[PDB]
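[1] How does the following fold in three dimensions:
(chains A, B, C and D)
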Amino acid sequence: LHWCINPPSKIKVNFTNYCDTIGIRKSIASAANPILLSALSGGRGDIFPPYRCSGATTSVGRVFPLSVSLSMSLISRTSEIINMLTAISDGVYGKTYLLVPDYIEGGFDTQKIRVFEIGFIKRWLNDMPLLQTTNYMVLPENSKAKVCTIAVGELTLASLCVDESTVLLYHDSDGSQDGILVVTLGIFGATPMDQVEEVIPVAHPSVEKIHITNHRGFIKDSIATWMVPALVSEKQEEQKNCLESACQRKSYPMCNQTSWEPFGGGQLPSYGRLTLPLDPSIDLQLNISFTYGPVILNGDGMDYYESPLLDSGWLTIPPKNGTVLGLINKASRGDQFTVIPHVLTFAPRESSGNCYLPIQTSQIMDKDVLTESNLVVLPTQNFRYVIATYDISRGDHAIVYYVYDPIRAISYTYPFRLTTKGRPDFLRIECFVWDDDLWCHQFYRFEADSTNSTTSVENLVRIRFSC
Amino acid sequence: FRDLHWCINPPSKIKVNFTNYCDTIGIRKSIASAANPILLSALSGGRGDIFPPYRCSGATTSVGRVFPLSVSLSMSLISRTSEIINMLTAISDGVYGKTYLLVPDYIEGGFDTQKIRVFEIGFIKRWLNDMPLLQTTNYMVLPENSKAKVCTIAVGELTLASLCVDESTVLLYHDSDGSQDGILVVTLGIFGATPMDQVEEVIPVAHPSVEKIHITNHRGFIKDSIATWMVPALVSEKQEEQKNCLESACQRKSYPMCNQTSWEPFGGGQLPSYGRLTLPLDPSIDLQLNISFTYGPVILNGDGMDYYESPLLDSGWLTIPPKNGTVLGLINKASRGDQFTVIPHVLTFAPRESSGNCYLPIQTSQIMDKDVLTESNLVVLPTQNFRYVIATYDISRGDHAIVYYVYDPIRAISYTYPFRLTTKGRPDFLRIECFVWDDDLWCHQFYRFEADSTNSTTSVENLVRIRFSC
Amino acid sequence: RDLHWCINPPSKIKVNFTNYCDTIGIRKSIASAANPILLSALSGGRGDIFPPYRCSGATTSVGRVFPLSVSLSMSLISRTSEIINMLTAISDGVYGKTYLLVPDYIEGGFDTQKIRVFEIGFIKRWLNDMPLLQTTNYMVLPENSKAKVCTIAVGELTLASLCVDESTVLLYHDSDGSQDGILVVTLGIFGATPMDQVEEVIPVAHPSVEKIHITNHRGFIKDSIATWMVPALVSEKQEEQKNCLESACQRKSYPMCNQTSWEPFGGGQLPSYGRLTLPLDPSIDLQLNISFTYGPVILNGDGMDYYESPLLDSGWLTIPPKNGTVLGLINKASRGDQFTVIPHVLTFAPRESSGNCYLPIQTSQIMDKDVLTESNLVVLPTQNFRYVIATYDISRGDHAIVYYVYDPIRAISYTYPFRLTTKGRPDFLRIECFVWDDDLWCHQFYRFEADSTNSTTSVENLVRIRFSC
Amino acid sequence: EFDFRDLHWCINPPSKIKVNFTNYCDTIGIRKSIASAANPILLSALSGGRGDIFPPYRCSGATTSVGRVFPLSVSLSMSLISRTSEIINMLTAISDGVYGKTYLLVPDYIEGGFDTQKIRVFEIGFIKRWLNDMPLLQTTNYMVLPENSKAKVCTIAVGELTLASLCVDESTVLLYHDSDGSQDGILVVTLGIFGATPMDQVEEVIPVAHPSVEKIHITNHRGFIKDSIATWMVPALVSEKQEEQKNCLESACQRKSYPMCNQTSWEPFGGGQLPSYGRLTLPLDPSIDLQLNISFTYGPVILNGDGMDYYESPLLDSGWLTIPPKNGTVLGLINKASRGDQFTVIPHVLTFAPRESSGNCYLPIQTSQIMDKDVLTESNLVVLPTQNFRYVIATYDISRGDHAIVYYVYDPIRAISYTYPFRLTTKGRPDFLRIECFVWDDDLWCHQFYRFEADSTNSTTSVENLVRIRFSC
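    Numbers count the residues shown, from 1 in each chain, chains lettered A, B, ... in the order given. Dropping the coordinates below:
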């Protein structure tokens, strides 16, 4: 009777190859660490104004049109870039977008290609960020890359690509179960860059579906976490009781609806955490989880930002036309998935308090389009969240940023030169703190009267709050 | 089949971490191993084919087009109407490097603030439809230094080298006589903060006959961890043979050459000789910048001399760009290693009934034209067949086009680029750097022209591909 | 249970099996390595003490001398090197010695230098079931300033000492400048961290205490706390003792009130017992504690031992007899928190007294003319109470040493007709007895006098007294 | 096809670890802690003894030898000797600040009948300074073997805070011949510097490398312990030595060394063949059980079977094998041998290859006229652990006017001698003699043991002391 030590799977297949991968990854991390330190030293300081000197502050905005990224180079050549998701964390950045090759003109819409890219953030002699792409990957056309999620961190990029918006977790068990094409990117061309369509293990038999439309997570401690709506058969009774308790109020249309947004009809969606352990030791496995929480009214997107706490992260939900406000519920990254409605969840009247609701109105909202973007939780000790909108009230089309603080609320618009006729069908902002400032990377698309082509415009903007 | 025996799980006291059992890999080795697939994806395309297999139609034409897509930093800066001056690019084995002087316009102080030297290096990735996409993976901006005004680019083996100096003519005298000129040395890795140097260096003069060194704009390469440049130098030992050869050639029709009392590179005295700056990039060894001079064919330009790799073991093709059209270019053959010899190969005229040790450059005033011509450098392609490319800016065409003159030892093929849209403007500085890609000719070009405003010079840089089909 | 099969791992997989468990501390490892010796001593010796049955009822004493020992002091004596004042403290299977070593290789005047040595070692059986005092560690103190007197306290594989140059510590009278200090010395069984010598500045528990009289004392190290017993001078207790002194003065016991000044402190008042305590912790607060207490009057403060008692937190206390007084004094004492002393035996309670006073028995006519240098009272380590004192006798023609093993019921004696040395007169005779395999083993030591004034020979040798029915 | 998830890699632990890992590494921790505790003493001893190995260059003339005795010691052997108890066959070994002794003890203090038995005693200890810059041999541990005393003859090896000694009842150990009945076993005795755990006493069978080795001779073999391995050298019996040794003997026989050929039988083994070099290694590690593998290699002839002393060499894997001279022969042997690899003995010193011969064989020198007809007894040669190669021998003779003992401190240039007239017993017959030397405080310290028989009363008296030789310009 000898002593067997159990090694992780995929290390016993080729220990030498595993350890060559380990050494290459460690060397790449060591080589790229000085750039990360140089970029993060200024950013990690603070965001709050130190001294209150003039009371009410002023807003100064500047557009920085210089970058080394592949996306802006493609856009500069009038190439259709649609559905771009960008994530900025740990000093690195990532992008996934659908590219339409206009170099050769054949037909009108033949195929759309998906491009990933992960790069650095660097100074440009004026203490300004310079987004530089150090790697990219282009998927083959015959793949399920229509809808993917972005999650960048620890010098790595990960994604969950699926052709259909709604993944059939358990209903399609009898047939060919839907797979999620996991796409992983390193910061330098090497083995970490791999893609594999893998069957996703359910949390329980209770979980039935998964909705993946436009999501964002992060990577920390070699884990990849996303938050997507799910469909379970146990949250239904308590959520129905809470919804009926809220229905007696003036919020009649909420309970008047017979079919919910993320999944047609049926029951309410439930929060769902997709966990992807990203380590070279073991193989890839999408560990889905779920947990009942506040009522979810829209399933367009569900981001997941990092928090200064130990094992918790904010869970934002972009506002939808009809629901004036979006949830910023807290989420647990640990072994047990818990969702606590930290802020922006209206607790109902005459209720036990175990269930929360968002705030919606029927006629309060502006009849203008006023397209809003996903709200972003800034990485800093103080809690601030930024949401951009496509303002229309002024004579010139504009984008308005709301950095929420309990003390004051002032927003002024400087003239935006680029376009005066705007039909925004998409808008996403990704913000980060750089030298005690708010640098937001915004992307949006248009629709023109000529209808010859749709122009997608993206740039970096900095808002300076001067005392 | 032979299993040792059935086993029992040992007590949980022992925890085994499998990461500690094997050894770690160095940063340079890991970086090279990572970058190897990207280098191979371009080397295979380059080495797939060189020339058409058979003359399908009995005659070959030329098809050319521009490729505006690029994810380089210089293209991004140009897109933001930022002024870029004197960019030298050295494409080699799927790695490129650039050295340019930036003139910031967002900074507003006085009228002229400062010019900053920028270095960048990166791969040549396969874009869709099998196109060359120049990607930048690392770059470096020098803090304000006097010695970064003129630099030489030398790219190869996943690293960059540069020899920046302040004055055009670097003086090489014993000890320090008054003010001394030093040669700044720059180095860049392909990624991250790897062992790299930005150290000012004092030249080991080697043979003390070298007195000056001229560095206008030179290209070299890094082979076997050795960076080699070729620059004119001024020696005062052996000038009688060249003087006798010039006197013998003066009686011929080559009157203007023998009429010069003072030459172009170094004022007065003896004509320049051929030098060679050698920089061993072995990180264990301290940096030394050796110099190996050797006389050769007479130099008539001296304002720029590139140096390209050769298929032979220790050979190269140092080139001299044409000067004002009247003097044509030269393509010599320079040795590498401890010895250094120069053997005239192409575009060289051997005088009749001469000493035999002097070869002279072809020089005809008939080629000179009132048409404003800005000839570029001679670019030797990295192919087995010896072919060199010439790019000329001419206004004879109504489109204010740029003409490429691809030359062969057998034939000569010329292709024009009427794609030029801006007609107004006189070019000031045109450079090209060609490379082979999927059995095709790609030539990265950069040129600046001054418009009618007398204060605006637009730096235009783009890739052009010329295809010759049977 | 059986975990299926194996496969040969790659050659890069080699494990040392060594980095994978705890690191044992120095003191814990030393205690683990030394425990079997302490077991072989304690279980072998302390199992049987007294004759189990009355049998005849009249016992005889047969004795024998065992000169073999690996002790360093024995070897030094064998090389004719003078040792002046040695205190040995045997407890729990370990021994320790402190003695003035006088190098006589080169001599000048009276004494060129005397240099202290502290040694601690085990007690081993030597294939005849006899004790072999092996020396395992020792430390030497150069005679810089403090090498005059010390106290010995051996226990828990550790030695302790309180060395002061002055005969009596001037604890409070020197507080104007720098008060006097006591060179604390600590040894371990094997050379390690506990071995330290850190002189400590004294916080005093009582403002009344002012003198400490360190001459020759023995203590023990119990529960990592080294405690001794030293007489101390206080003025308050004399107020209570004065009534008893006046009552005894008018009584027939004239020699009690005849005394006007005491040896330990000239003039002054009646000294009181002071429990010196040194909590031995390797990390924090190596400081002393002095807690005076009332008790029986001290006729002689020359020496005061401190033997462990079989009670919960109690300890014995002895005072060796002095010439002029016929008896010593044994009184109980408790360690921990408050300090109280209640006389156990050998104290006479005067009649018609308030009760807060006790007097040892003294007779001025029983004493014989010949000079007898008695040794300290020693309490044997057993449940019973047997105290043994060795007396040097000159009346007998063999110049024998007589071991008076005193018990309150039956008193027994034995004489050692050995080492005549008629010209020799003892100067310092000390013993340290212990029970070993149902026998009384004593470790005597003495020094002779010279008629030629040039011959001083320390004589250290273990002796055993056997009682059988 | 084995499924890899259920399949496991298995490692092979040592036998002692597998049975009780907890106990094994508890012993490992205790040993490491004791070694760390004892390290300061060894460091102080090494610091005191390293400096000034040799005096400077000659100032006026030849250096003068100064002798001094030091009877003070805290060893058990000295205390036993001082009590008029005889000590027989003591093998002292001093190395790296720790010494060790194995001596037969004759109990006479308590006598029952006529005689009970002789007792083996194993004693380890420390070398400590005694405020006068001379060593103090202090015994920190000792072991007394039981009354049966299977150990009549034992070796000695000390190093790395350990004592090890192979013990055999008979001088000759028959590895193969006595396998028909009960195979001869060697009693391995080890003991740590302090405590109660480290001691082991086990009788184990010898796994010799090849059957070619049939016998060994274990009488007096000082070794040492380095890298947790204890090494000894004993004569060995092999069958393949004759083909070269007899040829060499006949090739060098025509010289003056006729009696060497004239001997029909050799002293270590009656008849048979010439003795061969042998090496015993004891891996002293808690993880691995005790095994004793005997190697062998070829070398110069072994003139006497008294015993071969193995010493530590400054080189990486070298050892100054040493053989004492026998009566008649004036010069012994100081060879060179390797440790840890295949056994190989090169005859560095005391061998002169005969001229006009093959040259592949080496022979020592002999001269019968030197010893004359007086009772002169010489001891073993001690290789000092210094940078410069040295060797010391001690001779006890009556030819000296004071019946003294002469110490021939040998030097590559000349030889120096000192006499100890402290011998006040003219009627002295040395039955046994042995010296062990070490360097301490820029002097030469030697520990001698001369068991001499007093003919005045016909009673043997064992005498041992510590003597130091000082060389001053």
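[2] which ones are touching residue A:281?
    A:8, A:10, A:11, A:18 (CB atoms under 8 Å, 6 or more residues apart in numbering or on different chains). Where C-beta positions appear, they are placed from N, C-alpha and C, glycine not excepted.
[3] what's the first-to-last distance across stretch A:327-338?
    Terminal residues of stretch A:327-338 lie 15 Å apart, using CA to CA, to the nearest Å.
[4] same question, stretch A:97-109
    Start and end residues of stretch A:97-109 are separated by 16 Å (CA to CA).
[5] That stretch vs chain B: in contact?
    Yes - residues of stretch A:97-109 contacting chain B under CB under 8 Å from any CB of the partner chain: A:101, A:103, A:104.
[6] Sort out for me which of these are in helices.
    The helices, defined by DSSP state H, take in nothing from those.
[7] where do the helices sit along chain A?
    Residue ranges of the helices in chain A, as given by DSSP H, are A:15-43, A:70-76, A:236-247, A:252-256.
[8] hmm, back to that, any idea which of the residues of stretch A:97-109 next to chain B is closest to residue A:429?
    Nearest to residue A:429 among those, counting by CB to CB, is residue A:101 at 27.1 Å.
[9] I'd like to know how many residues surround that closest one.
    Neighbourhood size, residue A:101 [other CB atoms under 10 Å in any protein chain shown]: 17.
[10] Residue A:292 contacts residue A:236, correct?
    No - applying CB atoms under 8 Å as the test, residue A:292 and residue A:236 come out as separate, 9.6 Å apart.
[11] of these two, who's got more company?
    Set residue A:292 next to residue A:236 and count neighbours by other CB under 10 Å: residue A:292 wins out with 19 against 15.
[12] Around chain D, which positions in chain A sit nearby?
    Checking chain A against chain D by CB under 8 Å from any CB, the hits are A:2, A:3, A:4, A:5, A:6, A:7, A:9, A:12, A:13.
[13] Give me the buried subset of those.
    Using 16 or more other CB atoms under 10 Å in any protein chain shown as the burial test, the residues of chain A next to chain D include A:2, A:3, A:4, A:5, A:7, A:12 as buried.
[14] In space, what's closest to residue A:33 - neighbours in sequence excluded?
    Excluding the flanking residues, the one nearest residue A:33 by CB to CB, 6 or more residues apart in numbering or on different chains is residue B:193, at 7.6 Å.
[15] so how far is chain C from that neighbour?
    Using CB to the nearest CB, to the nearest Å, we find residue B:193 at a distance of 30 Å from chain C.
[16] how many neighbours does the closest residue to chain B within chain A have?
    Residue nearest to chain B within chain A: residue A:31 (3.0 Å; CB to the nearest CB). Using other CB under 10 Å, residue A:31 has 24 neighbouring residues.
[17] got a list of what whichever residue of chain A sits closest to chain D touches?
    Nearest residue of chain A to chain D (CB to the nearest CB) works out as residue A:4 at 3.7 Å. Residues near residue A:4 by CB under 8 Å, 6+ apart: B:7, B:8, B:9, B:10, C:3, C:6, D:8, D:9, D:10.
[18] what pairs with it across the strands?
    The partner list for residue A:4 in beta bridges (DSSP bridges) reads residue D:10.
[19] burial of residue A:393, as a residue count?
    Count around residue A:393 with other CB under 10 Å applied: 10.
[20] Same check on residue A:338?
    Neighbour tally, residue A:338, other CB under 10 Å: 14.
[21] Same question for residue A:397.
    18.
[22] Hmm, residue A:323 is touching residue A:296, no?
    No - with contact defined as CB under 8 Å, residue A:323 does not count as touching residue A:296 (10.1 Å).
[23] Same drill for those two, tell me which one is more crowded.
    Neighbours were counted for residue A:323 and for residue A:296 using other CB under 10 Å; residue A:296 has more, 22 against 19.
[24] Angles on the backbone of the more buried one, please.
    Dihedral pair for residue A:296: phi -100, psi 120, per degrees, to the nearest 10.
[25] ok, residue A:183 - contacts?
    Counting by CB under 8 Å, 6+ apart, the residues that residue A:183 touches are A:116, A:137, A:139, A:145, A:148, A:157, A:158, A:159, A:161, A:195.
[26] how about the second one, what does it touch?
    Right, residue A:137. Contact partners of residue A:137, counting by CB under 8 Å, 6+ apart, are A:115, A:116, A:117, A:183, A:185, A:193, A:195.
[27] show me what contacts the first one?
    If a contact means CB under 8 Å, 6+ apart, then residue A:115 has A:70, A:71, A:95, A:96, A:97, A:99, A:136, A:137, A:138, A:139 as its contacts.
[28] Tell me which two of those sit farthest apart.
    A:71 and A:139 (15.7 Å).
[29] Show me which of these two is the more surrounded one.
    Between residue A:71 and residue A:139, counted using other CB under 10 Å, the more crowded position is residue A:71 (26 against 19).
[30] give the contact list for the more buried one.
    Applying CB under 8 Å, 6+ apart, we find residue A:71 in contact with A:81, A:84, A:95, A:97, A:115, A:117, A:458.
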